[PDB]
Each structure stands twice: as structure tokens, then as C-alpha cells.
Amino acid sequence: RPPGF
Amino acid sequence: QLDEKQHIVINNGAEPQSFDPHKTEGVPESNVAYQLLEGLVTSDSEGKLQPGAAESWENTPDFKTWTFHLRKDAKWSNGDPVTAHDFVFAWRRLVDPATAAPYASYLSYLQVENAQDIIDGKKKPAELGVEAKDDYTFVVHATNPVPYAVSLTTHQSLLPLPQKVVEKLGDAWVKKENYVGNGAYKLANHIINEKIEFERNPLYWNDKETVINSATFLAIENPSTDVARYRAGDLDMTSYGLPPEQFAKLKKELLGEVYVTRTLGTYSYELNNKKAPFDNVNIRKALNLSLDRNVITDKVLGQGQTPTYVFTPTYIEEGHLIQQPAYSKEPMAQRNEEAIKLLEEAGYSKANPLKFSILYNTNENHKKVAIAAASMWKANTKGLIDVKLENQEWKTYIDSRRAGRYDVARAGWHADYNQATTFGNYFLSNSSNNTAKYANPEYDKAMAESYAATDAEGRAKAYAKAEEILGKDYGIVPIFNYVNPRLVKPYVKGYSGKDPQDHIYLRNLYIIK
């Protein structure tokens, strides 16, 4: 998953 | 001394693209989906696997056939029955090209028969190798051994959907008014860019163990704003970024409230491999040579993030043979000279420098890292690189990466399951997750001959080779392996600080008095 951070 | 109220406010960090688990690929999205829906298997506070929609499951000795026994009286939030037909429906919709799912490729990772062919439009979705043997028996057929299959099933992309609702309503099923799910909570309210509000789903099969009655997710993009709200006592858990300047202070002042989870994550700058001039391996190599990772981990952040020059975290299961590339051991001055030669060979000068933008999602910590990188690249190459910053809102940043409307983009990848291939698989030519547009048939072949492999050593060697090929191609710019710093109020329990994926399920939390 791509993190917000 | 359980508190009488059982309410919690958590920073989710951004407005999610969507509440449809097939249309999304980010942490804000999964965080929401995981409250509203539940797949075959789920996890406790430390990420250990426990029954979800499936109460029991088994595998054939060859690890190719996986049989899930669903709960015979489990219901959707609207009272419709949860059956293996909902899983069949949802997993088909995932791989269906008409869905355009960002995680389309995920069932390919699981090696489900015909999954890749359905993604490639060569077979119809109904040809996927999953079946309802009866209404409460869901069977998954894999073409290669996948011994770590159960853990994959916990991912947001494999959540079931209410077939009867989705079929009646289409993509309008995700409207708060229509949303039906089988998780512990349901949507009470949604104000765009402000708050999402959750309430108990009383038809959840395990509602009797749920403790939190209600919760609010906020969409605070900047860690300092996050931290100020926590301090004002207007939220109970921050998102997983903290201001590097305040951090040493917060640790000592708010002792016991600072959590730092070691996570299976890599932070990178992704290079658009099919856009000029990042299609030039030489230029991709320059950028890698000239960027000092220790500057970012030690001086810009300094929260425990560790420097890395490969994509896979080497501490992941079966990642132990992956080697850091040789240049990472060279002095920066030797690295910087090579980068300048390469850039000069590509026809850049102080008069005519390599000019590009770093795209990142609005977030002060990201901005800080971008400014440092930009700064290191100009200085380290004596003016041969000139970088701008482009910040975009989360949803817009995701759309841009996916559409290829970027030169260089900040990228974080967190493990979807605790095994090396969750990273390995990202960089396959044909992966729906590959927004780099990296394509090397030797990489693909390294990963392909790994799925056949029968023991862990054999798989480990193939992953080491895949990394070596991605390394030599300088496909992206890896920077560090994540740490997940969060502030968590002392009255919030059930957050371990030990979950390698740092999931938060409301159903695992409780408030003490």
C-alpha cells in the first residue's frame, strides 16, 4: 500500500 | 476501569480517494475500509492472524488449494447473508479490467489460476480460479505453491463486497446512504476534508467483543497540526508522522505516549522510467550516486528511519540475501564525481542543468525531505541539477503518479503481507502497482522462477537477484526503511507498537478510566 508518509 | 463512553478520535492524515476497496491503493483508504469490511482473515494488535469472515481454513500439502469455511449465520450490515458468492463476486471484480483496480494485480501475486490472463483481457472474470463449492465454502486454486497465502488474504483489495447491493446500485453503492459492509463499524457521517464518523455495526459476527462504540477519523495532512491537536486534547492518536524538530522533546515530555513501530516500509523517490530523460539509465544512476541518504535519516528526520539503497526491506521474511549495492559503500566525493561525469555525458551544465519537479503529497515532513534532496542534488553536482517542488493533495498526488504526470515522485510502500514478494512484485513489468513504468524482462524472469521454488532459501536467492537487476537499472531512488512515530493518549489501549504493518482496527482498541 502507498503510505501518506 | 473501562471508560463508560468508548469514543476515540484518530488522525487518518488525508481525505481518502474512495471507500471502494477496488478503486484505491493507499493507507488512508485501507484504514477506512478495514473498519467497514472484513476479509477471510484479519489481525490482532501485533498483526498476528485470527479468524475473520472465515471461521476455519486449510490447505492441500502442495500449498496450491486453499479452502475457507465461512460463518453460516453471518450477515451484512443490511441483514443480507455473507456467502462465498460475495467473495467470488468481489475477487472477480478486482481483476476485471473494466474495474481499473489499482490493485488488479494482487490475485496474480497469489498465483490464482487465470488471474493474469483476466487482467490481460485474455479470459473473462468468471474464469478466475476461485469458487463457492457451496454458499459457505470458498475455495482458491493457485497454479504455484503459495505457503504464505493466508496472510495475503488480509489485504484491503481482497475484502468481500455485498454482491446484491453492488449489482443493484453500481459504483453508487459506496455512498454513505447505501454503503453495506461486514466489518465491526458502519458510516455515521462523512464531511469531505473534515471528518469520517463510525458507529458500531451491530450485525458484525463479533460485535460482542467490540468495545469502541464510536470513532472519528480526521484528515490532518501536517504533523505539527496533528501534534498540536493531540496536545489540545482534541484527538487521541496521531497519524504515523511526527515533526523531527519537536520529536526529542515529545519523547521526554510525553513519556509513554510516543510510539515508534519498526515497519516493513521503504520510502523512495520513484523515477518515471518512460518519460524523458529518466528513460536514460545514466541519469537515473547519477541521481542515486549523488543523494546522501544519511543526511535525510540522521539530520532531516532522525526518528530511527534507517538508510537503504534497495526497495525490499532486507529484514522482511526471506529478504536476508538481498545485498546493498556497492556504490553505497563508496565515499560521497567519489559518488559525486561519477554523477557529474554522467550528467556531463548527458549534456547538462551549470548553464543548462537537469531541471525537474519532485511531486509529493502535501505534508510538511515530505516538504522537508524534498528541500534536502533538491539541496543535496544541486550542491553535490555543482549546479548540474535544479529541482522544483510540486505538492498536491493526496487524491491528486495518487492520480498524477498513476497517470504518469510526474518526473520524480515521493513514494512510500508498506508491506501488504510479511513476505519479500509484497515488494518484489511491485516492479514486475505488468504489475498494476508499478507507477514507475519500470520494465526489465530479466527482473520479471527472476521473480517468475521464484514462485516455482519449493523452499525458503531458493525463493530468497531469486529475490536477491531481482533486487540486483533493479539496482543495476537504477529503476528508482530508495532512501530509507520506515519507522512509524505516533502519539497515543495514555487512556487508549490495544495499540501495540509491534505491528509490522501498523494497522489500526477500531475493534482492537478500548479506552480506560
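Residues numbered from 1 in each chain as written, not as in the entry; some residues may be left out. Chains lettered and ligands numbered in written order. Heavy atoms only, no water.

As for helix 9 (residues 281-290) of chain B
Then comes step 1: Of all ten residues in helix 9 of chain B, seven are buried, a share of seventy percent or more.
Then comes step 2: Within helix 9 of chain B the residues assigned to the buried category are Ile-283, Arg-284, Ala-286, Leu-287, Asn-288, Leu-289 and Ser-290 of chain B. (Buried < 20%, exposed > 50% of the residue type's maximum accessible area, 1.4 Å probe, protein only. Helix = DSSP H or I, 4+ residues; strand = E, 2+ residues; numbered from the N terminus.)

Here's the deal with the interface of chain B and chain A
Then comes step 1: Counting residues at the interface gives 26 residues for chain B and five residues for chain A.
Then comes step 2: Carbon and sulfur atoms make up 53% of the surface buried where chain B meets chain A, a total of about 1,200 Å² over both sides.
Then comes step 3: Our count for the contact surface shared by chain B and chain A stands at zero salt bridges.
Then comes step 4: With four residues, the single largest contributor to the side of chain B that touches chain A is strand 15 (residues 408-414) of chain B.
Then comes step 5: Across the side of chain B that touches chain A, the residue classes break down as ten nonpolar, twelve polar and four charged. (Contact = heavy atoms within 4.5 Å. Buried area = accessible area lost by both parts, 1.4 Å probe. Salt bridge = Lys/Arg side-chain N within 4 Å of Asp/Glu carboxyl O. Nonpolar A, V, L, I, M, F, W, Y, C, P; charged D, E, K, R; others polar.)

As for the packing of aromatic side chains
All names here are of chain B.
Then comes step 1: Evaluation of the coordinates by the stated rule reveals 32 aromatic pairs over all chains.
Then comes step 2: Arranged with centres 5.7 Å apart and planes meeting at 55 degrees, the rings of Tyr-204 and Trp-205 form a pair that is tilted.
Then comes step 3: When the ring of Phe-311 is compared with that of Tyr-426, the centres are 5.1 Å apart and the planes differ by 50 degrees; the resulting orientation is tilted. With a gap of 115 residues between them, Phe-311 in the loop between strand 12 (306-307) and helix 11 (332-345) and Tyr-426 in the loop between helix 14 (421-424) and helix 15 (441-452) connect regions that are remote in the sequence.
Then comes step 4: Residue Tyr-426 is classed as buried on the basis of its relative accessible area, which comes to 4%.
Then comes step 5: One aromatic cluster is present, built from ring pairs that chain together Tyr-103, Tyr-106, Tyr-109, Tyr-148, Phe-311, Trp-413, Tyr-417, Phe-423, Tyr-426, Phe-427, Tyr-438 and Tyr-443.
Then comes step 6: Residue placement shows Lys-489 over the ring face of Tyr-230; its charged tip is 4.0 Å from the ring centre.
Then comes step 7: Sitting above the plane of the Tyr-505 ring, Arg-507 keeps its charged end 4.6 Å from the centroid. (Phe/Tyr/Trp six-rings, centres within 6.5 Å; stacked < 30°, edge-to-face > 60°. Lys NZ or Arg CZ within 6 Å of the ring centre and 35° of its normal.)

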